[PDB]
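[1] with the input below, show me the fold.
(chains A, B, C, D, E, F, G, H, I and J)
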Amino acid sequence: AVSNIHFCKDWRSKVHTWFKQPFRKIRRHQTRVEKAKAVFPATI
Amino acid sequence: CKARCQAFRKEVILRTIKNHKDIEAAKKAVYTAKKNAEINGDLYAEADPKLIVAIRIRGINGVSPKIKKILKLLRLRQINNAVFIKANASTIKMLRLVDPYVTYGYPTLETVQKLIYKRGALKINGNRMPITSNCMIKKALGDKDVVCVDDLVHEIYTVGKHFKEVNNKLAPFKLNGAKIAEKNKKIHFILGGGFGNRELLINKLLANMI
Amino acid sequence: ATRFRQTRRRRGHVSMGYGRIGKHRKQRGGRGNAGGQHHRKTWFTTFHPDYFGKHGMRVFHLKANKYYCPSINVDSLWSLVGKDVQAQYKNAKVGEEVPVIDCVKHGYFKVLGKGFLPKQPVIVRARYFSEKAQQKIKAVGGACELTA
Amino acid sequence: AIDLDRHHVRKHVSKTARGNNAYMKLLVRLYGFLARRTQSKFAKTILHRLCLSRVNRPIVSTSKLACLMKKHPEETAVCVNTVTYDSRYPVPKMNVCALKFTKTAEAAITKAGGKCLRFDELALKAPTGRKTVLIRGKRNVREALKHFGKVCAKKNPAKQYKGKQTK
Amino acid sequence: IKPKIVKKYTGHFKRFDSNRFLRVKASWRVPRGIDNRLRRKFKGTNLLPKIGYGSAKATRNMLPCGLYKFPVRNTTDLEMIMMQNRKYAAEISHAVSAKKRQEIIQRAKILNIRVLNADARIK
Amino acid sequence: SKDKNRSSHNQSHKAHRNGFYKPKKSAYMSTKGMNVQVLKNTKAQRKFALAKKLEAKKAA
Amino acid sequence: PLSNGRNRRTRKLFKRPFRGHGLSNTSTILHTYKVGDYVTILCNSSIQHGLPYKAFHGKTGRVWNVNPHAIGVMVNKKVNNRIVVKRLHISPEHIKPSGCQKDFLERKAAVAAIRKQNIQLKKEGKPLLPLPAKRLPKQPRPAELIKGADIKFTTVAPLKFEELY
RNA sequence: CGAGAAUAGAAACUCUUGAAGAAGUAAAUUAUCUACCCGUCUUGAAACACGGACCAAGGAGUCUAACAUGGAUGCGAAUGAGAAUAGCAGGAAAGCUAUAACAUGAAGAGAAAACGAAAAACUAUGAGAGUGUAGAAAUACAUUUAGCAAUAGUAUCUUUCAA
RNA sequence: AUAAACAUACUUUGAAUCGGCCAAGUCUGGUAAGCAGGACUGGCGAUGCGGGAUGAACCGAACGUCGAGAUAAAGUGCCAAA
RNA sequence: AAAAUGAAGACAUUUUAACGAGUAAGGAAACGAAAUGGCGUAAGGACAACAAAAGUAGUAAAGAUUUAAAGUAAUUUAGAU
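    Numbering: from 1, shown residues only, chains lettered A, B, ... in the order given. See the structure here:
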């Protein structure tokens, strides 16, 4: 199989690790929780 | 239970009696015909031998490709390995192409016996089992009507109708070492060497090699 | 699992499994698919003969949503609704109710004819039909509708 | 030294159930003792096929068992492999015995009136094998087989592992 | 009862070129060099550890006393070989203190178990 | 820096390690390129025997 | 160093037999080759059209297919370490009917003659004949007498040297 | 004279040395035999070929991304759905639940429009399973039945100018 | 005729290698070479051991650790077993 | 390699036979009759006096210098300072 790999360019500076994903889920869930509290038809 | 062992021994005794008749009766007719031919002034032409015993002489290093295959078909895959070979126009020619690696003559009944009694072996289930009984020979060679060890020695000596089946079953004998030559083993026995046809002078070499 | 590699068993070997006469120099014939027509021609000929060249017209902006047309053979039409429903209506005829195997709902547009349908009247509703599919459905005693 | 054609190396035939499946290690113990004692070629055949890798134990769809057991009414099909379901064709009444029955293949066989034996119940019922139809599914249907060889060849090409600039 | 423990080689297989240099330790490492005097098995220097040197299976790992070795850390380990006091001999580990040793040594007398460290860490 | 151009030394003992791979008996039974008249008689009979065989199978 | 020509090294391989020039016979174009016969390829340099490759000259092959003007012949060709199957189409002028099975096809007749008698002797109850003995290499001759009435002797000794000039 | 066979018969010992150190092993020296410098390029190095004064610590096939073959595993015309993302208890960079877009696959060829598979298959060899006879033990023979996998060839069918 | 069930047929994946050298009851260019280039076969390379005092190829013969015996090449005035 | 036996014995079982030199290179882990067998360093999850005080350690750990034993070998164990 003929390889097609686009690593010739710079890639180590074009990486995006997803380590914040466990904490993004919490951050948004603590926004809806604190948005329905203000006025509930806000998050409706 | 074990009353068939008693009856089996009688059959082996009966077969040894009959087997020694063929060897002795054929020996008498050869000598009787030699006396009658001397008296009458005729000449006698002795019959050609039927059995050839070949011994590997050299090692395994430096063998030509075709000669290497002929020795394998003769089952001489090791040095000092003696086998019994049928003699006709083919094996005699095959034993001539590989002469520098074999020495072969003709065995007497006193030599066939010593090799099979002392260095005998059989291939049962693929294992080279040394001969230790007749129930072992009967189990392997019952269908070839060879039930004892004097039936095995007789068939080899006279080259019977079931010689090929008996011959391949016997494993190639592993023999000792002994003085092969007067000069060296690089010249024919005719020139006082080691290899080549030795006729009835192979029994002398096999006597010190068994 | 770096204790399972070949380096852990090839410790003590000087060449490290890469040969003394020809060492493990960096490059062994370019970088990537270099030399496609000069010294690796025996590769792109033995293992990818049609790699080099041009064939076919150019679709400047292909719209892959207009070539989309999943197909279901006739033998698999009855498995959309089930094997219980097939047996329930196994004695139906013309005039009485028969199930409609709406293929478009399940994501199959075309209906092809391959294999054999059970000998029961059946209604098939799908966007496109094959010439030998319609014969197979009709010969069994069914109907072939169209949708959209 | 001795001149031999080739030296003694390991024989390329398996004799145990591979992996650590503590249930497959029992059937081989069970069928490796029935083959030795009964000396029946059916048990040697069953033992031999239980020690084959996954790619050499191809599945037998229920429509293959149906068309193979059409003329064998009272028989117990014996396939040493998984038995899947052919959702396009009906499943008649038959007694089967396999290493693993797929959920829909097990429910379909027993719905029509059949039975789904394991390999322990078969040895108890017919150890030597008396009313069995030995079956094994197709082996050349694998997709990996197409690509083997050189595609450029003139007689039987391969199928050219796809990649860059494919056409 | 004791079978004669027969050894096919009673020496040590020292590393090649360890009697000249100090960076080369006396632990065996088979030479892989092309011109090595030893891996070609030249005469005079042809000593390598080959599986033929392995001692007899019946008397392998057997101490000269005729009993195999069994290490114990506490008095409760002794019970693991209280049935086989004619095959195994206790050997108290080197970390067990001088107080727990007199518990093991005395208990080994009760169960009649030979102990190879009966004079270790004595006062 | 010249070199040895060619030598058949050892090239024949190599080929006899894995011996000459003979062709299978299926290779001697190909029917490609045969007489067009013979291949039309053989096809015209195989169709005739098959039609009478399948009809008998359907009858039973 | 030789060349890559198709018919290279053919000064003595394609030369016609001495006093054998000109036309071929009329049984060359009249023998009937049926599928399955053993024929020998023999390149004929008089007829250039369709001359088989010089590496097949003298090889023995099996007629596999008989075409109106050419006889299909298949032979085994040797490659690097494998033997392949070659399927030529040789005109009858370039091939000769091989008699490799000349001996074999006369042993079959001898056995078939005997087996024909065994189906008659058995029907009429006579003891059936035994099949012919198999072929064996030259066996060691037995012992035979020699009469002393028609005999004569010639002494044999090394010869005294006689000069050749 | 006497094989087989039937019946009767017979093998338990002695001396020397050793807790004053037996046998075995280890260390040093002597004595006969044996022994050229390790690593590497090389057809060939102990080489008058190159690095090496000695010692300690460090020191070189690793990580990610794409494809493929094979060994183990789950499910199987489906598999995955730890795709984002949304909930649960517990406080949790862990654990559980999401009838869910989509990836590979279930259908193949054609540059493309346009299309889209059965004669409910045939032939050959082939894995098994019973029965009886006999050597009489394993095992050999005769006969009824079965056609899986695999290989080759066949009819039939979809697409292509062309299979 | 003889040999062949750890027989026979393979399939998939893959490593190393394509600087070679020597012998000859052989050949070509050369006056000739321990030169250059070849055909068939065995070796050194990749290989120790007994012998040729020493020697990559010569002769014997290819190796797990040993004990006892007949051996092979070749030797039997001393070094040196006879 | 072939037979025998096989829920746990033990030494990776028992019997018979053949075999064992080798640079480059290969033989990943698991696979009861095991589709090669193992030694060592560091870190993580478990197990370690089974009658409710449950691996070793101030009655002297790790380390260092030696002496003996086991293993063909990688190395392990123990005594003394």
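[2] packing partners for the longest helix seen in chain D?
    Ranked by number of residues, the top helix in chain D under DSSP state H is helix D:24-38. With contacts taken as 3 or more CB pairs under 8 Å, 6 or more residues apart in numbering or on different chains; DSSP states H and E, helix D:24-38 sits against helix D:41-50, helix D:119-125. In this view, the C-beta of every residue, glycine as well, is placed from N, C-alpha and C.
[3] list the buried residues for the first one?
    When burial is assessed from 16 or more other CB atoms under 10 Å in any protein chain shown, helix D:41-50 yields the following buried residues: D:42, D:43, D:44, D:45, D:46, D:47, D:48, D:49, D:50.
[4] same deal with stretch C:26-44?
    Here stretch C:26-44 shows C:33, C:36, C:44 as buried, counting by 16+ other CB under 10 Å.
[5] nearest residue to the residue of chain D positioned farthest from its centre other than its sequence neighbours?
    For chain D, the largest distance from the centre (CA atoms, centre = their mean) belongs to residue D:1, which lies 45.3 Å off. The shortest distance from residue D:1 to any non-neighbouring residue, by CB to CB, 6 or more residues apart in numbering or on different chains, is to residue B:60 (5.9 Å).
[6] next one: residue G:148
    residue B:41 is the one closest to residue G:148 (CB to CB, 6+ apart), at 4.0 Å.
[7] if we can go back for a sec, the residue farthest from the centre of chain D and residue E:41: what is the separation?
    16 Å (CB to CB, to the nearest Å).
[8] how about stretch D:115-129, does it get close to RNA strand H?
    Yes: legend: contact between stretch D:115-129 and RNA strand H by CB under 7 Å from any atom of the strand is shown at D:128, D:129.
[9] about what we covered before: out of the buried residues of stretch C:26-44, list just those in helices.
    Short answer: those in helices (DSSP H) are residue C:44.
[10] distance to chain G added to the buried residues of stretch C:26-44, as CSV?
    Compiled in CSV, those are given as follows (distance: CB to the nearest CB, whole Å):
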residue, distance to chain G
C:33, 29
C:36, 27
C:44, 23
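[11] which one of the buried residues of stretch C:26-44 is nearest to chain D?
    Nearest to chain D out of these is residue C:33 (CB to the nearest CB; 7.4 Å).
[12] find the residue closest to that closest one in space, skipping its chain neighbours.
    residue A:2 (5.8 Å).
[13] give me the neighbour count for the one you found.
    For residue A:2, the tally of surrounding residues (other CB atoms under 10 Å in any protein chain shown) stands at 17.
[14] again with the one 5 residues further on
    The number of residues packed around residue A:7, counting by other CB under 10 Å, is 8.
[15] related to what we said a few turns ago, the residue nearest to residue D:1 contacts residue B:81, correct?
    No: in this structure, residue B:60 is not within contact of residue B:81 by CB atoms under 8 Å, at 11.1 Å.
[16] of the two, who's got more company?
    Each of residue B:60 and residue B:81 has its neighbours counted (other CB under 10 Å); residue B:81 has more, 20 against 16.
[17] hang on, that one packs against residue B:172?
    Yes: if you go by CB under 8 Å, residue B:81 and residue B:172 touch, sitting 4.6 Å apart.
[18] quick one: contacts for the nearest residue in space to residue B:198 that is not next to it in sequence?
    Distance criterion CB to CB, 6+ apart; nearest residue to residue B:198, sequence neighbours excluded, is residue B:105 at 3.9 Å. Residues in contact with residue B:105 (CB atoms under 8 Å, 6 or more residues apart in numbering or on different chains) are B:52, B:53, B:197, B:198, B:199, B:200, B:201, B:202, B:203.
[19] tell me which of these is nearest to chain G?
    Looking across those and measuring by CB to the nearest CB, the closest to chain G is residue B:52, at 10.0 Å.
[20] list the buried ones in stretch E:95-110?
    E:96, E:100, E:101, E:104, E:105, E:107, E:108.
[21] how close does the residue nearest the centre of chain G sit to chain D?
    In chain G, the residue lying closest to the centroid (CA atoms, centre = their mean) is residue G:100, at 3.6 Å. Here residue G:100 is placed at a distance of 30 Å from chain D (CB to the nearest CB, to the nearest Å).
[22] I'd like to know how far that residue sits from chain B.
    Applying CB to the nearest CB to residue G:100 and chain B gives a distance of 20 Å.
[23] which residues does the closest residue to that residue other than its chain neighbours bridge with?
    The shortest distance from residue G:100 to any non-neighbouring residue, by CB to CB, 6+ apart, is to residue G:38 (5.4 Å). Using DSSP bridges, the beta-bridge partners of residue G:38 come out as residue G:62.
[24] what residues are up against residue G:38?
    Contacts of residue G:38 by CB under 8 Å, 6+ apart are G:60, G:61, G:62, G:63, G:97, G:98, G:100, G:101.
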